[PDB]
Structure formats: C-alpha cells, structure tokens
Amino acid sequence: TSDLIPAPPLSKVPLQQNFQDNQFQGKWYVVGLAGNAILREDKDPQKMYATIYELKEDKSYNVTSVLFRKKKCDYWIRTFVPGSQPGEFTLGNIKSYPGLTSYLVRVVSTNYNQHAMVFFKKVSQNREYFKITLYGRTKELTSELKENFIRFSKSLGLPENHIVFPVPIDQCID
C-alpha cells in the first residue's frame, strides 16, 4: 500500500527545442532533485551524485550514474534510446528489469555547457513515478536556476518537501 502525487500530464512538460545530442554528452552533477518518491530528510540529507552521458555510435546514450554510499562508489548503468522526438528517450533492455513496464525521458531545457532540467516518468510494479533533475556542469548553480527549478517542480504538483538540493561532495564524482 503506497500513496503517490500523480504524474503530470505530458503537456505540462516542455521539450528543449532543437535538442543537440552531441552537446549534451559528458558529466552532469545533480544539483537539484524532485519527484513523487523524493523526500527531504534533514537528518541524513542526500549527497550529490553525478550522471555521465556518452553517445554510442548508434546514437543511443550509455548512461552512468555514480554515488558515494557506504564508503564506496556505486555505479548504475543504463541505455537511453532516442524516442519520438529529439530530446526524448526510452530505456533500452527494459526486459532485464523486473516489474518495469514503461520509462520515458524528456530534456525540458538546457544550454549544454552549464545547466539542464530533465523530466523522467516510469511505471514500476504498476506504480507511476516521476522526477525532475536539475543538472549542473559544476556542483554549484545560481540561486536563479535553483528557484526556477523549484517553480517548475511545483508547477507539476510537487510540494517543497519533495524537492531537495543534494549536498556537494568530492568522493567518486570528481
């Protein structure tokens, strides 16, 4: 028995116009994180992690996230395959993940060399989850980019306690 804020209709999620797959590659730090399964937790606050996007020759992305947990670096790898329009993707090899029936990625906005906001929605064990990441080329972003991320998250039904700014760290992600 779970309770979740509903996924917003896709019409409320903008798409980055003219998406350039080659320029979005590289490392992105997660300076902000929001979603219906994201919960602030002041006692053990979320540490910053990073996600690296590499264009494979077939134009799919090989995606690697790295987090510092239990004194070690944990790597998670997935494949994002170009979806219905430039800037949208679905998950490769969905079959290999137990209980996952849909996964959508939409790049909301980016200038490529400093910041990005990406929307994700998936259905896992029949529950509909969504999150928005505020990506930075550096671990810090202006208070202006942060507020904007907050406004957008709220615009999708999320309250403040479902929006966090992971704390910068040096382990694993540099």
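We number the residues from 1 along the sequence you see.
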Comparing 140-148 with 22-30, where is the mean C-alpha B-factor higher?
140-148
62-70 versus 35-43 - greater average Cα B-factor per the deposited record
35-43
Chain-relative C-alpha B factor for residue 121 (record values, thirds): the lowest
Residue 94 by Cα B-factor - lowest, middle or highest third of the modelled chain
highest
Compare the C-alpha B factor of residue 106 with those of the other modelled residues in its chain, then answer lowest, middle or highest third.
lowest
Entry-reported Cα temperature factor of residue 131, expressed as the chain third it lands in:
lowest
